[PDB]
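Below, in structure tokens: the form deposited in one PDB entry, a single chain.
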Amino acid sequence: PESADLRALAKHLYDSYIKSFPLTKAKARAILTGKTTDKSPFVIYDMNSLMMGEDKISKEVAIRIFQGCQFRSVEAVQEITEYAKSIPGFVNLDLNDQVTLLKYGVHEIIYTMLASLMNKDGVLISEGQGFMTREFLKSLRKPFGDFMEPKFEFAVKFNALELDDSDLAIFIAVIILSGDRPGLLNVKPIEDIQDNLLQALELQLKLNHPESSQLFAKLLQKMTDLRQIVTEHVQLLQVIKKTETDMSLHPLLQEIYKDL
């Protein structure tokens, strides 16, 4: 049946998601709720513990932290790219369109997955090796002390929806296959794939969250919310590059931030 195939697609995406992302939400919440049997994360809550953690896990702390997020972003972009290549039809799209979809979609995916590693008090870093408190992150000097608050605010609300990794795999796939990204050469094939992905997400939510009224509509809205988060992040970057010199940006990020 058409529905049966939508479930096979959902499962395919989930399996692909597990192969592409080393730290899943399931494992992450286990660490955050204190249920894991693995090594507990080293907590970074102040300048002194940041120093200690810098050995467990020249530039000022504020820049070191900001650049640390950038480096994790570089790693995330590569994981997301590997995941994208597993979405049925993606590798057969015009190659420049694949680039475009990733260029304009990766941060939205990064912030979606980041939420999986966050709670109201902090965020897991380096695949669960550390936990950096939210308070410490906003205690950074200007403009770095506001860097992540918008992401924590988004995550608390997003996590309240209680999605699991199976829901997320499809949610992420839908966002990557956005036919409205600037400069796409062939929108139709992208839209046809996304339409099928949206049907799969709808069915996934109806089956996995039967009592969660209007969850699908809520997720469509979160997709819009994520674009606003990226917009603000991009603006804060410009503000940073406009006052923070000597700061080198990873070439992969320079490519993504260019004309964006």
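Residues carry their position along the shown sequence, with the first being 1. Take the two forms, superpose them, and find the largest set of C-alpha atoms that agree within 1.5 Å; that set is the rigid core.
Here the subject shifts to the form deposited in another entry, a form of this protein not shown in this document.
Position that moves between the shown form and the other one after core superposition, taken from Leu207, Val234, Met223, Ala26, with Cα shift of 2 Å or more: The residue that shifts is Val234.
Would you tell me if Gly105 moves between the shown form and the other one by 2 Å or more at its C-alpha, with the rigid core held superposed? Result for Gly105: no, shift under 2 Å.
Rigid core fitted, is the C-alpha displacement of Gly89 between the shown form and the other one 2 Å or more? It does not reach a 2 Å shift.
Answer yes if the Cα of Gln194 shifts by 2 angstroms or more between the shown form and the other one on a rigid-core superposition, and no otherwise. No, the C-alpha position differs by under 2 Å between the shown form and the other one.
Looking in that other deposited form, decide if the C-alpha atoms of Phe90 and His250 are closer or farther than in the form shown; they differ by 3 Å or more. It is farther: in that other deposited form, the C-alpha atoms of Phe90 and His250 lie at least 3 Å more apart than they do here.
At a change of 3 Å or more, would you call the C-alpha separation of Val99 and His250 in that other deposited form closer or farther than in the form supplied? Here the pair is closer than in that other deposited form; there, farther apart.
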